[PDB]
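Only this structure's heavy atoms are used, side chains among them; waters, hydrogens and symmetry mates stay out. Every chain is numbered from 1 and lettered A, B, ... according to where its sequence line falls, protein lines coming before strand lines. Every number for a ligand or one of its atoms is a count from 1 in the order of the listing.
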Protein chains: 4
Amino acid sequence: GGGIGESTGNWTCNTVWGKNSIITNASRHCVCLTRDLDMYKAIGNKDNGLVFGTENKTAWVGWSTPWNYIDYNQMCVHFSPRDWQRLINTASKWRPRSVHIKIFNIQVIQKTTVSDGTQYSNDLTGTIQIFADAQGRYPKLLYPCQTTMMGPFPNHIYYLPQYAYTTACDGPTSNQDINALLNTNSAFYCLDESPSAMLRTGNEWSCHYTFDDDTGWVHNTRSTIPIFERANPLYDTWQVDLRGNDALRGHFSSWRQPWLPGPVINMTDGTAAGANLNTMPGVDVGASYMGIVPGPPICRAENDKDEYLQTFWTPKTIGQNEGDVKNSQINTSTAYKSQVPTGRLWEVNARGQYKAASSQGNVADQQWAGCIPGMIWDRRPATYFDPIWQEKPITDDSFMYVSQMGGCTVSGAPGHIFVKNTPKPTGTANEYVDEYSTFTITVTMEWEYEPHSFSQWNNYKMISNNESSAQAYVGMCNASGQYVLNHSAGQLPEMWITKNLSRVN
Amino acid sequence: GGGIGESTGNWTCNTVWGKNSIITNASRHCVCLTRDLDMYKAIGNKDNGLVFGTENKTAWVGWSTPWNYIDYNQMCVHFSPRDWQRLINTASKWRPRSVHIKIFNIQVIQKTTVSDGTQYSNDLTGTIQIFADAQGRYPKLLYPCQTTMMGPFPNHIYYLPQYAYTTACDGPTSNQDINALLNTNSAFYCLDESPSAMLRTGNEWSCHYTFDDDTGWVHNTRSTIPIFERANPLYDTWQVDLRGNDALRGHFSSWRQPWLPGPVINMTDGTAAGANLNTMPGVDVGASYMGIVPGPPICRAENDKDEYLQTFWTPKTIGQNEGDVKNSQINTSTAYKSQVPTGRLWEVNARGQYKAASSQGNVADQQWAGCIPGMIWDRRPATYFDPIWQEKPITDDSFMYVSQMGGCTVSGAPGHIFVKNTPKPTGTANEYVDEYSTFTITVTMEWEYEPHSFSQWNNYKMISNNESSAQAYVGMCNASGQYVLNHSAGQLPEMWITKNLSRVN
Amino acid sequence: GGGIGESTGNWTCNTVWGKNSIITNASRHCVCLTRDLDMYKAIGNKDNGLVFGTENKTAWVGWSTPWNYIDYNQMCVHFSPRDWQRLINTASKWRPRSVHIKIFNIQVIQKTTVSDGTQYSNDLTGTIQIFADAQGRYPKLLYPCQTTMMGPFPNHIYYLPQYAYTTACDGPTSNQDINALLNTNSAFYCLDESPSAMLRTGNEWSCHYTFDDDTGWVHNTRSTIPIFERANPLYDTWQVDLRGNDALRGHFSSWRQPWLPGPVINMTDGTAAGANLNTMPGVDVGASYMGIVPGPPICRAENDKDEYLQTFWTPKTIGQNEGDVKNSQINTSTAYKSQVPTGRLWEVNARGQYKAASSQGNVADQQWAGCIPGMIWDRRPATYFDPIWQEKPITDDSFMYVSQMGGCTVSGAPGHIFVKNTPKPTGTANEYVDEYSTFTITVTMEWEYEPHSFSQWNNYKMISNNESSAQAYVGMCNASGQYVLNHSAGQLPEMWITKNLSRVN
Amino acid sequence: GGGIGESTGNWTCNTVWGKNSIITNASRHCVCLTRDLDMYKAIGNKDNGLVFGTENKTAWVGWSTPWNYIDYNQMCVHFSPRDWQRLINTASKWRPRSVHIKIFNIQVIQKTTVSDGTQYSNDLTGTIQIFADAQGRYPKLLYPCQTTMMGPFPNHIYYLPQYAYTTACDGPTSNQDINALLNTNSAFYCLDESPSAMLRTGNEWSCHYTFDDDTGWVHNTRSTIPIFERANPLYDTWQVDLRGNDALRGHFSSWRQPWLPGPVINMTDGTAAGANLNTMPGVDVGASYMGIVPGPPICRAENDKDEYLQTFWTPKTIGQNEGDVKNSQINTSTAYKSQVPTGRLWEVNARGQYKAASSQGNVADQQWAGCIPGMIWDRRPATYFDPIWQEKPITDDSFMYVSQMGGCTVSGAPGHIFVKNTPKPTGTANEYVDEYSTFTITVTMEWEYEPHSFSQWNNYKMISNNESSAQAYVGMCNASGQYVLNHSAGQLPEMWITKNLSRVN
Ligand SMILES: [Mg+2]
Ligand SMILES: [Mg+2]
Ligand SMILES: [Mg+2]
Ligand SMILES: [Mg+2]
């Protein structure tokens with residue numbers, strides 16, 4: 001009952017499967033580090049070069065808070081390779097339902113510097129402060145899959161990332177610092193003001209978040225039938241062809257259709273070193289450019305096209321106890337460049353940019369083909385590494401919001417849970433007792449999935465492991481103890497991709 | 001109780017503020033004028049020149065009815081400069097809830113012509129007819145902000161505008177009158193058939209209209225965070241850049257995004273005198289061209305661009321008792337040309353037209369960028385002069401309807417209230433007792449607004465008056481008794497613009 | 001019951017006396033005139049000369065509203081010469097308790113211009129708007145005794161004065177109009193917005209106002225005993241004299257006192273034509289000077305000193321039906337200059353400015369002697385022409401507020417009652433049916449007075465009429481029908497002055 | 001339940017706003033330092049030079065106690081820049097209602113000296129003693145805004161200031177120590193005698209203080225109307241001018257007034273280095289001079305006058321964890337000299353010292369103009385940095401007590417809360433285990449404010465942030481983590497000043 005000697009919680013990483021629900025528990029050992037001597041620091045990049053290949057080319061401004069926060073949003077955190085596979089094979093679609101988070105077994109550790117080395121001792125009376133931003137008072141970090149994430153493997157040690165945000169930024173002018181970027185719209189947030197539980201070793205903390213019924217689904221189903229061949233093949237139609245003429249038997253493409261595939265925006269890949277951002281498809285927003293790559297999903301037969309396919313880095317191996325990743329770029333040699341192939345969009349999605357009449361009875365490739373009524377398409381295939389949910393920035397209006405990168409749409413998402421070491425001052429100016437805290441977090445997510453059944457007589461496709469992945473230690477720990485997960489660059493292995501199960505219609 | 005000696009209503013122009021609701025009362029003294037000797041008159045413009053700079057260049061046909069109608073739809077009518085400011089500072093968003101309208105203290109005045117001048121006497125037994133088109137039997141005039149509007153200032157005398165409408169119009173052919181424009185689709189409406197209360201001096205009239213819960217909101221919130229910088233700045237992401245490469249720290253523009261800004265249609269401004277309408281962006285509809293200017297809102301740093309920003313005239317001063325405005329063009333020298341700047345869209349809206357891959361690894365400016373899934377944008381900033389609600393013409397299908405001009409979407413709007421002087425004939429052919437009626441209208445609108453609170457630690461922006469506006473008599477009556485309201489041409493003063501309050505996310 | 005044929009109220013001007021209460025009814029026939037074509041007009045004086053003898057030498061800015069208001073605040077309105085005398089003789093002190101106001105028998109009269117002359121006809125359906133500013137929403141005109149007042153005599157016809165106010169004024173700069181005077185603090189008030197009863201001939205209007213128990217008293221008592229001789233004359237005192245020495249018998253002035261008289265500010269009178277305002281005692285406030293004349297009351301034997309005694313104009317005669325007085329200066333030859341003698345302060349108030357030690361055992365005249373603890377004084381004698389109550393401008397702090405001019409202090413005063421003719425438009429721009437309204441107002445004020453009894457054996461002083469006043473038609477109507485009231489310039493007749501009755505201690 | 005492992009309280013810094021009440025929570029991490037080896041020490045300054053520019057020029061004597069105390073009295077501690085702004089815009093006036101104080105999460109830390117450096121370890125059984133002086137047994141430190149204050153920013157670490165006081169002091173004589181200053185009136189207070197809770201890590205401490213209904217208000221309202229122009233501008237008055245003559249239209253300054261502005265004491269600024277204190281306006285008290293600067297508030301157009309305007313230092317930046325400030329003068333280069341402009345007193349307060357009749361019909365400037373009856377004035381504008389309440393020293397009599405420096409009057413204020421580390425002796429003479437304690441304090445203050453509404457039709461003034469303040473990190477933490485708050489010397493930014501909202505009358 002709060003004594004330093006009884007444990008405040010238990011470690012559970014097991015997944016329980018219901019008929020249409022999954023409960024996944026992610027328990028991690030988390031290291032909370034004092035951030036910037038417990039100081040909010042104004043941070044920004046004045047330079048607004050907007051050129052590819054160079055860091056700090058986008059002007060931005062904001063504050064790094066002393067607080068650390070929990071980022072569990074990704075699929076690989078909550079699903080083992082085994083459970084993900086079951087999910088891929090078993091469910092047409094799934095969505096998160098609730099997330100329960102426990103923080104317990106809190107240890108504030110004092111680091112003491114001695115000649116031999118650092119000495120670690122428990123600070124029994126030391127507290128950590130924890131508050132959950134249910135209200136959305138503080139800026140949400142909505143960008144998916146940063147290094148802020150928990151490890152996929154239970155045994156990985158999690159260092160809560162330092163909470164920082166960007167605020168309203170002016171277009172930079174010459175010979176001026178970051179403050180110049182700040183304006184009357186710019187917002188400084190002091191997390192410290194918010195009521196936050198102060199926790200000692202005896203204490204436990206939990207919050208609960210429930211997703212609204214309007215939460216988006218992640219779809220594992222692929223169409224069996226081509227959308228352009230929906231006809232009975234044995235019968236002619238009264239309908240004319242595209243050109244206006246008789247619709248010949250077995251020439252469904254020529255025939256007019258009651259529907260069309262989703263919108264296609266022409267996309268390009270640029271290899272020019274230090275090219276201007278506006279070289280790539282996108283648009284200027286504020287003082288900085290925003291790109292639309294990859295854009296609306298289109299089926300691409302080709303294995304390696306950056307613009308068309310979802311592309312992201314995956315760790316080659318994942319070390320069990322990596323240091324705090326604040327301000328550290330992922331090493332290129334430590335990551336695979338993985339592209340998610342859209343060949344699973346073969347039945348529904350358009351392969352290439354649309355041709356429409358340009359002039360004089362000619363059709364031109366459509367650089368931007370927006371949504372027109374009667375358009376039907378499938379989403380980009382989701383992946384294991386994709387966020388669970390994607391929260392779009394609040395705006396007046398959005399159109400059929402889907403993240404190309406991944407995640408399922410949510411009217412609202414779990415608010416950030418902020419954890420910070422309570423500063424223990426030494427009684428001397430600018431000096432604090434050097435302390436970090438370790439605790440165990442348990443993220444328990446309830447899931448909903450729709451079971452998928454096959455009505456086709458013939459054998460159907462299941463996703464199975466392969467020898468090359470096993471011999472790559474995929475979903476295993478290698479000889480060095482590192483957790484491999486994705487084993488290869490290029491086309492992301494079929495295991496981690498959704499849109500597998502076969503829907504009839 | 002109906003006697004000519006007791007008043008049938010009271011004058012209230014006060015605004016009452018609830019926690020989340022506002023009740024605004026607009027009381028005006030209205031002059032009802034006999035229209036065209038109580039005759040429905042076929043009116044049309046045969047010429048369909050479709051060229052800028054010349055009146056009657058659009059072919060149209062319809063009828064001017066003897067009836068007059070109430071047009072209270074605009075914000076400046078129902079909100080004083082003081083109340084509008086409170087609304088701008090206090091509320092994130094607002095919408096109309098109900099509108100109650102009273103017509104009372106009716107005076108039918110006989111005008112008698114004598115050598116000295118016109119003599120005015122009360123016609124005690126004279127009636128006015130009033131009916132409200134709740135059913136939508138008669139054509140709705142949906143076009144926002146015509147000279148039909150009530151004055152913003154309570155003391156202004158309101159002359160009900162003559163009700164006229166356009167109907168189905170044929171493309172005009174040479175050597176033919178307006179009748180030729182009429183076709184089998186053309187609709188003549190006789191208001192007189194509808195049951196209408198006949199009212200004497202003793203009588204009072206009221207209707208009530210309640211907006212559906214589906215009514216659109218007018219949004220006063222501005223995003224603090226750039227939508228392209230939503231990431232934690234201190235952390236790298238697993239995500240690749242736009243080009244497919246490593247996403248550098250502090251170069252958010254290069255990074256791929258889980259969302260994109262709203263659609264951008266390239267817009268142009270033409271200064272060519274008497275230029276063809278098709279010169280401007282738009283499309284042909286029926287026999288006449290329809291333009292899409294300003295189009296989807298985009299952030300424009302520049303103060304004066306007609307196509308990009310909402311542009312409308314505001315009165316320089318507003319006289320207290322202007323004559324009936326039927327068939328009178330607003331004098332150019334009596335109006336300011338006001339453009340609503342979109343610089344408040346800096347965080348969310350795209351600054352310029354999108355670039356998408358054209359060919360050979362090149363990106364071209366997109367003349368039309370339609371909505372594609374995952375697009376998020378903010379509406380054009382609303383203004384004090386904007387209509388309260390905008391009712392779109394009935395059609396089978398509409399897409400995310402928003403008026404660039406202004407107003408909030410309504411599944412239905414208050415039906416027109418038609419008021420006409422009952423004709424008093426002299427017993428001689430084509431001769432009527434010359435009479436107008438004055439009455440007091442009270443438009444009581446219940447409003448809903450969402451209170452806005454700031455969670456940012458630092459000081460936030462409020463909209464305040466400035467010396468230049470005060471010294472322009474803004475929201476005041478000048479030395480001549482005229483009510484100034486908007487004091488300057490060009491960029492419309494920040495007071496009258498919405499999207500002020502700061503939303504966190 | 002609201003018909004044009006039954007009267008809506010009765011005329012009562014009688015005063016009813018209770019044991020300690022007086023009810024006074026002031027009924028007047030009021031003419032309500034259309035003001036400035038029903039237009040709020042910005043009005044100001046840019047010139048800030050601040051020199052005596054010239055009009056518009058004080059910079060000010062504000063608006064004249066279309067509204068007219070009721071000003072009944074003065075004693076001569078509510079008390080006949082007979083009742084005032086009874087009050088002066090009977091009561092030590094009095095204060096207003098409640099005020100009830102009826103407006104009834106409303107006639108809207110249309111003025112028609114014909115060759116013979118103006119023709120007057122009743123506009124039966126015409127309304128007047130009346131609202132009482134209980135809330136204090138609109139600026140209070142607190143300045144006592146303007147030409148806005150009702151006549152003292154019941155038969156006088158009252159024209160409601162046009163409501164105008166001054167607002168925050170900037171210090172004027174060269175080559176600029178009144179608008180320049182306006183600033184961000186300046187306040188424009190639209191009376192029209194406020195809910196106001198619209199009244200026809202049948203209608204009656206009433207409000208009630210109750211004074212708080214904290215309302216100030218007007219004091220009719222004079223001290224019999226000199227405050228400096230409070231001792232038993234037959235006995236020596238242990239107390240030393242002022243100089244520190246033995247206090248001789250019958251030399252009370254030499255003796256030290258347990259109290260001192262009220263504060264004395266040296267005052268001067270300047271006869272210099274066009275002298276700077278700062279010549280007179282006072283202080284600069286805002287961009288304009290404010291004078292402190294007459295200042296704290298001091299007893300002055302002399303009959304004619306402007307600075308020391310309350311000085312104001314009284315009408316020589318008062319015509320029964322004077323025209324509207326808006327913007328008309330009182331004619332000098334039509335007024336008596338009346339000074340209220342302070343010789344009644346003989347027992348208590350200090351005759352002249354205090355001497356205090358300057359240096360080297362010398363005493364100098366004190367130009368400003370402020371309040372010091374132990375100071376006791378009597379107020380300046382109140383008069384018949386003095387306001388009933390004086391409302392000071394709202395401020396954070398006030399010190400023992402008393403108006404030298406007159407009136408009794410009130411935490412709050414009856415809010416202005418605004419009456420305006422509802423504009424009747426002709427249907428033509430800037431043209432209204434020419435109309436004024438006449439109605440009968442009844443101001444019923446309940447008073448509280450403390451009965452005064454004499455305990456002195458010998459005969460006491462009563463205030464009686466004199467032959468010279470009777471032969472001046474004082475409190476009478478003269479041969480021409482004019483109501484004389486004050487009959488002489490100089491020392492105001494003893495009849496109209498308070499501080500008569502003799503208090504023992 | 002008291003174990004070292006469960007936390008004894010939570011951190012809340014949030015502000016909750018009621019309709020007319022505000023609850024502000026100030027939570028700080030406090031460092032309690034052993035003071036002077038737990039010894040009461042007689043402290044005094046024998047020198048009584050009474051000359052400007054040199055420290056210890058005022059003779060004083062007293063004791064520094066081993067105890068530390070809580071000083072939370074200032075506005076910036078309890079209101080974030082955001083909440084202060086809301087308060088400034090929203091409320092006419094406000095006052096503190098209750099203050100609740102929690103002290104919890106107490107850590108006694110032993111400091112151990114080792115060759116490497118100081119080693120910090122928790123002393124589990126160590127106590128701190130806390131007692132609140134509700135009774136007023138010990139001297140109150142009433143002087144506003146010393147370095148004893150908590151930080152305005154939640155994350156700032158608070159070091160409780162050592163409690164010391166001054167007692168009755170004799171005028172010093174040559175060749176004598178501080179003891180000579182002590183006399184029979186001098187009072188030594190031993191805090192140790194008072195019952196005080198001894199607290200270990202498990203323990204929590206709280207007190208509650210409720211302000212009496214007689215507590216003073218801080219006023220945010222400014223008069224719109226000049227007090228010298230309170231008249232209806234369109235009407236002449238019966239009242240004479242200041243000089244005794246006809247009161248001209250639009251020359252309100254010339255007119256006599258029913259009230260006068262508050263008292264003005266002539267004030268001067270002296271630049272003479274090492275000038276005698278008596279050079280400045282003030283008076284001798286005891287053996288030391290007391291100055292009256294700034295004195296009664298007067299409106300000053302000029303931006304920089306020390307005597308007339310409230311003047312105080314504000315930190316340029318505020319470091320998060322400054323060392324104990326006992327006996328440390330604020331560095332001049334670390335502070336802004338801020339003067340609070342009185343230009344907001346334009347409507348009510350007198351601009352300059354009063355002129356009153358000197359002699360021979362001449363008026364002289366009044367060096368001291370004390371309160372005379374009928375004087376009305378506004379207080380000096382309050383500021384964000386001003387104390388919450390100001391407690392005057394107990395005396396027999398006070399007159400309309402207001403602190404020019406700031407704060408609201410209180411019949412009584414929260415008694416000092418004294419916290420001291422329980423001395424842990426080593427068993428050796430004059431040797432104690434070196435220990436300090438850190439704890440978290442929460443100051444929860446309930447506030448009352450009167451909501452302010454505008455009745456003026458035109459736009460009104462709100463206080464908004466400006467770009468220069470944002471680009472100064474006002475209300476933000478700068479790049480170095482320091483909390484800027486006031487960003488400029490000279491005129492204190494309009495954000496932090498009260499008397500904003502516009503009262504009608
Ligand atoms: Mg066929
Ligand atoms: Mg990177
Ligand atoms: Mg004697
Ligand atoms: Mg005059």
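- Between C:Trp496 and C:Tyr384, the ring-plane angle classifies as parallel under the 30° and 60° cut-offs.
- For B:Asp236 atom OD1 and B:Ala247 atom O, the angle they make at the Mg ion (ligand 2) is roughly 80°, to 10 degrees.
- Note on A:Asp246: its N/O/S atom closest to the Mg ion (ligand 1) is OD1.
- Taking backbone and side-chain atoms together, A:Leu248 has no N/O/S atom less than 2.8 Å away from the Mg ion (ligand 1).
- Evaluated for a side chain to side chain donor-acceptor pair (under 3.5 Å) with D:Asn232, the options C:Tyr69, C:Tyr143, C:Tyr163 yield exactly one hit, C:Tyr69.
- Aromatic pair C:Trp60/D:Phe252: centroids less than 6.0 angstrom apart.
- Remark: aromatic rings of A:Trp255 and A:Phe228 are distant, center separation not under 6.0 Å.
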